[PDB]
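The numbers here are math on the coordinates, done by the rules we state, and not lab data. Note: ideal-geometry Cβ built from the backbone for every residue, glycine included; neighbour counts use all protein chains shown.
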Amino acid sequence: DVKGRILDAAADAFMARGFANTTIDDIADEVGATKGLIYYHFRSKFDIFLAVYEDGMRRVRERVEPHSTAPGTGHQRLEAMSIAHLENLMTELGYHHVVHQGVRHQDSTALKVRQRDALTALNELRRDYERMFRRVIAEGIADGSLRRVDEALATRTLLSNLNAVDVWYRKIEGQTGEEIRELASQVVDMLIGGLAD
Amino acid sequence: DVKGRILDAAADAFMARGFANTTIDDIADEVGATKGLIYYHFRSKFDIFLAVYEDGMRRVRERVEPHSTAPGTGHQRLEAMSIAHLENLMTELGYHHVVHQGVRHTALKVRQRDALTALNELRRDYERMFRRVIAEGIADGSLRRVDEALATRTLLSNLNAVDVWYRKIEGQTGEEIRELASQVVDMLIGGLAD
Amino acid sequence: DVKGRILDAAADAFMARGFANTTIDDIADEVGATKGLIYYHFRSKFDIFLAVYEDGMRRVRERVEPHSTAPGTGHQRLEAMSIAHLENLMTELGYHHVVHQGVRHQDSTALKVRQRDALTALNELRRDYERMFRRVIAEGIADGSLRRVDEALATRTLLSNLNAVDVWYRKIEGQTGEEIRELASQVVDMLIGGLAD
Amino acid sequence: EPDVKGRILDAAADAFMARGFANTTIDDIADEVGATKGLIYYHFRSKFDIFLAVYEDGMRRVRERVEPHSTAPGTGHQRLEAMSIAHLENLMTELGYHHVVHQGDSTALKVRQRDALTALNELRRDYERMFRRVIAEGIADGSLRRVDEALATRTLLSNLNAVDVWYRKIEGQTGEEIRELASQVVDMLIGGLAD
DNA sequence: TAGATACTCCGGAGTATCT
DNA sequence: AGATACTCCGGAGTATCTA
C-alpha cells in the first residue's frame with residue numbers, strides 16, 4: 001500500500017545513518033511528500049521503526065518456516081533454511097538490518113503505551129524465531145551430522161553469524177535468484193563447515 | 001590518567017546508548033565533573049570518538065599482530081590470533097563496539113573526514129593480515145580451499161558480531177577469558193559437521 | 001515565490017552581518033514567519049547559502065554572457081561586460097557578497113558530503129565564469145586593444161578589483177536603472193583605463 | 001628572548017584571515033601558539049581585545065611603512081606608484097595583519113573598547129587621506145588624468161586591498177622578488193588596460 | 001501541504017578557582 | 001602568573017502539532 005512506500009523508503013535510510021541521524025524530513029523528500037503523509041499514516045517516529053520491524057521479521061519467518069517440516073538431517077535440513085535466510089537478507093536488505101537495532105532505541109525513548117505493547121510482541125516473536133534454529137540444530141546432533149558442541153553457543157553465534165553478513169554485502173540490484181542462492185550456498189557452508197581439516 | 005578516565009567512561013557510554021543519544025553531560029556524570037573538563041580535553045564530541053577508535057584498535061592489534069609469526073600451522077596460528085582478538089572484545093567490549101558499528105555513518109571538518117578515513121582503512125590493515133594468514137593457511141593448508149576474497153571478510157566479521165549475544169560474565173580472570181574465547185573460535189574456525 | 005523572498009532576506013542578512021551573526025531566526029523575521037518556514041524550504045542553514053550562491057551565479061550569467069558574444073574589440077567587450085557586471089552588484093547588492101566568503105573557511109568548518117562537494121561544484125562556476133573574462137581579455141592583449149601584459153594576473157586583478165566595489169558601495173533605495181548604469185560606467189573607466197593617459 | 005604577546009597576535013591575526021572572526025575560537029588561538037586559554041585571558045581581557053590589538057598593530061605597520069612615499073620626491077604619479085608598492089609589499093608580508101584593516105557595531109559593546117574601535121576606524125580614513133591628496137595632487141597636476149578624486153580614492157585602495165582574494169603566500173621570495181610581484185599589479189591598477 | 005511550537009543538545013565566551 | 005575547570009548561554013536542528 002501507500003504505507004509500504006514509506007516503509008520501503010525509511011528502511012534503506014535507516015541502515016545508512018541509523019535511527020537518530022535519520023530525520024523525518026530525511027525520509028520525506030526521499031519518498032516525495034511533506035511531513036504530513038508520515039504523520040497521517042504513522043503517529044510517531046518510533047512507529048515507523050516498529051512497523052518495519054513488524055513486517056521484515058515476518059518476512060524472514062514466512063520465507064524460512066516451511067523449511068522446518070521438510071525432511072532431512074539437521075545439517076541438510078538446517079542448511080536448507082539458513083540458505084534461504086541469507087536469501088532474505090540480500091533481497092529485502094532494508095527490512096533485514098532493522099532487526100539488528102531495536103532495544104537500543106527503547107532505552108533512549110520515553111515510550112508510549114502502544115509502542116511498548118507492539119515492541120514486546122516483536123521482542124519474543126524474534127525469540128520464537130531463535131527457537132526454530134534452537135529447535136532444528138537439535139536434529140543436527142540428533143541425526144548425527146554436526147559437531148557435538150554447546151547447545152546455546154551453536155545457536156547464539158550462528159544467528160549472530162548469519163546476520164553479520166550485512167556489514168560487507170552492499171548490493172547488486174540485478175542479482176538473479178541464481179547468484180543470490182549460489183552466494184548463499186558458499187556463505188552458509190563457510191559457517192556450517194567452518195575452516196578445518 | 002585523567003584523560004584515560006574519560007576515554008573509558010566515554011567508550012562504554014558510546015556502546016551502551018550510541019554516539020547519537022549519549023549527551024555530553026550524560027558522559028560527564030560518569031567521571032564526576034561537569035561538561036567543562038569533558039570539552040577541555042577534547043574539542044568535539046566527534047573527537048572523542050576518534051580518540052576511542054584509535055585506542056580501541058591500537059589495543060586489538062597489540063594482541064593479534066604478535067600471533068602473525070608464531071609456532072603454529074595455518075589454523076594453529078589463526079586460532080591463536082582469533083582467541084586474542086575475541087579476547088579483547090570480551091574484556092573491553094566497550095572499546096570494541098565503536099569500530100564495526102561506526103562504519104556506515106554527517107557534517108564533518110576537513111581534519112575529521114580524513115582522520116576518520118585514515119582510521120577506517122587502518123581497520124583494512126587489520127583485515128589485510130587476516131587475509132595474509134588465510135592464504136598462508138591454504139598453501140600449508142590445514143583449512144578448507146574456499147574462495148579467499150569473501151571467506152577473509154566473513155570470519156573476521158563473524159567474530160566481531162560476537163557482541164550481539166555476549167554478556168559480561170563478571171569476575172573473569174585471565175584464565176576465564178582465554179578459555180571463554182577458546183570454544184567460540186572452535187565454534188567458528190573449526191565450524192560444525194566436521 | 002516565498003523561497004525567493006527567503007533568499008532575498010537571506011542575501012540581505014548574509015551580506016550585512018555575515019554567516020555566523022546571521023541566525024535562522026533572523027531570516028525568518030525579515031520574511032515574516034517563524035523558524036519553521038525557513039526549515040520547510042531548506043534542509044539546513046548552509047543549504048540556503050548554496051541556494052543564494054547558486055542563484056546569484058545564474059543572475060550574472062543570464063545578463064553578462066551576451067556581452068562576451070558581442071561585436072567589438074577586446075576593449076569594446078570588457079567595457080560592455082564589466083559595466084553589466086557592476087550593474088548586478090549595484091542592483092542585487094546582497095547576492096553578490098555571498099560569492100566572497102565561501103571558499104576560505106570551507107576546510108575549517110563542517111559540511112556534509114553532498115554540501116561541501118556542492119560548494120566546489122559551484123566554485124567552478126566562479127572559475128568557469130572567470131573563463132569568460134580570460135577569454136576576452138585574451139582577445140585584446142594580442143588583438144589590438146589591451147596593453148600587452150600577462151594574461152593571468154590581468155584576469156586576477158580585474159575580476160578581484162571590479163568585485164571589490166562592495167567595500168564602499170551603498171544602495172540608495174529608490175534607485176533607477178539609468179543612474180546605476182552611469183555609476184558603473186564611471187568606475188570601469190577608472191578600472192580598464194587606469195590613471196596614466 | 002621571545003615575546004609571549006607577540007606570538008599570540010601573529011598567530012591570532014592569520015587565524016582571523018583564514019577561518020574568519022567567528023569561526024576562530026579562543027582555544028583555536030591557543031593551538032597556533034601552543035598554549036592554554038588562561039594565557040590568552042591573563043593578557044587579553046576578551047576576544048574583541050584580540051581584534052583591536054592586531055588592528056592597532058596592523059595600522060602601525062601599514063601606516064608607517066607607506067608614509068615615506070607621500071613625502072618622497074616626484075610627481076603625483078611618481079609618489080603614488082611607489083606609494084602603492086610599499087603598500088602591496090606590506091599586505092604580502094602581513095597577510096593576517098593587513099586583512100584585519102578592511103574587516104570592520106551592530107551589538108552593544110564595552111564602552112572603553114568601543115571608544116577605541118571607532119577611533120581606530122578614524123586612523124583608517126586618516127590613512128586614505130594620503131591617497132586622497134596624492135591623487136588630487138596628481139589629477140590636475142598632469143601626471144594623472146581627470147577623475148572623481150573621491151571615486152579614484154575609494155576604488156583604488158579597495159582595489160590595492162583586493163589582492164588578498166587570490167594571493168596566498170610564497171615564503172620563498174624576499175624583498176627583491178616580492179617587488180616584482182607587486183610591480184606588475186600596481187602597473188595594472190595604475191596603468192590600466194586599453195593603453 | 002504548510003508552517004508553528006516546543007525543546008534539546010551542542011559548542012563557545014567568560015569567569016572562578018588552582019596550579 | 002598562568003591553568004584548569006566551571007557557568008551561562010546562544011542557536012542550529014529536529015520532533016511533533018496545527019492549521
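For A:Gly193, what is the net charge nearby, where nearby means another residue's Cβ is under 14 Å from its Cβ and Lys, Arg count +1, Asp, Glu -1?
On the way: positive: A:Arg147, B:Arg144, B:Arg145; negative: A:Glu79, A:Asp189, A:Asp197, B:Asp147, B:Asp186, B:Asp194.
Computed value for this residue: -3.
How well do other chains shield peptide A:72-80, expressed as the mean number of their Cβ atoms within 10 Å of each residue Cβ? Can you show the working numbers first?
Numbers: counts 0, 1, 2, 2, 1, 0, 2, 2, 0.
So the per-residue partner count for this stretch is 1.
Could you state the per residue volume, in Å³, of the convex hull enclosing the Cα atoms of region B:1-99? Intermediate values should be presented prior to the final figure.
Working: hull volume 9.5 nm³, N = 99.
Dividing the Cα hull volume of region B:1-99 by its residue count gives 96 Å³.
Just checking the output field for D:179-188: average partner chain Cβ neighbours within 10 Å of each residue's Cβ?
Numbers: counts 0, 0, 1, 0, 0, 6, 6, 1, 6, 11.
Partner-chain Cβ atoms within 10 Å, mean over residues of D:179-188: 3.
Can you list the HN-Hα couplings for region B:148-155, worked out from phi with the Karplus curve (6.51, -1.76, 1.60; θ = phi - 60°), rounded to whole Hz and with x for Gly and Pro?
The phi angles translate into 6, 2, 9, 5, 5, 7, 8, 4 Hz.
Rg/Rh for region C:44-193: what does it come to with C-alpha atoms and Rh from Kirkwood? Mind showing how you got there, number by number?
Working: Rg = 16.3 Å, Rh = 16.5 Å.
Radius of gyration relative to Kirkwood radius: 0.99.
Using only atoms on other chains, find how many Cβ atoms lie within 10 Å of each Cβ of peptide A:150-158 and report the average. Working shown, then result.
On the way: counts 3, 0, 1, 6, 2, 1, 6, 10, 4.
Shielding by partners across A:150-158 averages 4.
Charges at C-beta only: +1 for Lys and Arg, -1 for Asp and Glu. How large is the resulting dipole of the protein assembly as shown about its Cα centre, in Debye rounded to 20?
Roughly 940 debye, rounded to the nearest 20.
If you take the charge dipole of chain B about its Cα centre, with +1 on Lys and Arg Cβ and -1 on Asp and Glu Cβ, which of B:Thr106, B:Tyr95, B:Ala84 is farthest toward its positive end?
Comparing the listed Cα positions along the dipole, B:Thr106 ranks first.
What is the ratio of the Cα radius of gyration of the protein assembly as shown to 2.2 N^0.38 Å, with N the residue count, to two decimals? Could the numbers behind the result be given before it?
Values: Rg = 34.2 Å, N = 783, 2.2 N^0.38 = 27.7 Å.
Relative to the rule-of-thumb radius for its length, the protein assembly as shown sits at 1.24.
What order do you get for D:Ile178, B:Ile48 when you list them from fewest to most C-beta neighbours inside 10 Å? All intermediate terms of the calculation are to be shown ahead of the outcome.
On the way: D:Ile178 16, B:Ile48 24.
Ranked by crowding around the Cβ, least crowded first: D:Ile178, B:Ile48.
Sort the following peptides by mean Cβ neighbour count (other Cβ atoms within 10 Å, averaged over residues), highest first: A:66-79, D:7-20. Don't jump to the answer; show the numbers that get you there.
On the way: A:66-79: 16.4, D:7-20: 19.9.
Highest to lowest by the protection proxy: D:7-20, A:66-79.
Ranked by Cβ crowding within 10 angstrom, fewest neighbours first, how are A:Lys112, D:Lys47 ordered?
Numbers: A:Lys112 13, D:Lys47 16.
By the 10 Å Cβ count, ascending: A:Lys112, D:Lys47.
Between the helical axis of C:74-89 and the dominant principal axis of chain C, each derived from Cα atoms, what acute angle in degrees is found, rounded to the nearest 10?
Once rounded, the angle reads 20 degrees.
So for the protein assembly as shown, taking the charge dipole from beta-carbon charges (+1 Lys/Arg, -1 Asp/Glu), which of D:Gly34, B:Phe130, A:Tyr39 sits furthest toward the positive end?
So the residue furthest toward the plus end is A:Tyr39.
With a cut-off of 18 Å, note down the residues of region A:6-31 whose backbone N falls inside the zone around a label point 7 Å from the Cα of C:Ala121 toward its beta carbon.
Label zone hits: A:26-27, A:29-31.
Nearest 20 debye, what's the magnitude of the dipole of chain B about its Cα centre given +1 on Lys and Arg Cβ and -1 on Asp and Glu Cβ? Show your work: numbers first, answer last.
Numbers: 26 positive and 30 negative charges, 164 e Å.
The dipole magnitude comes to about 780 debye.
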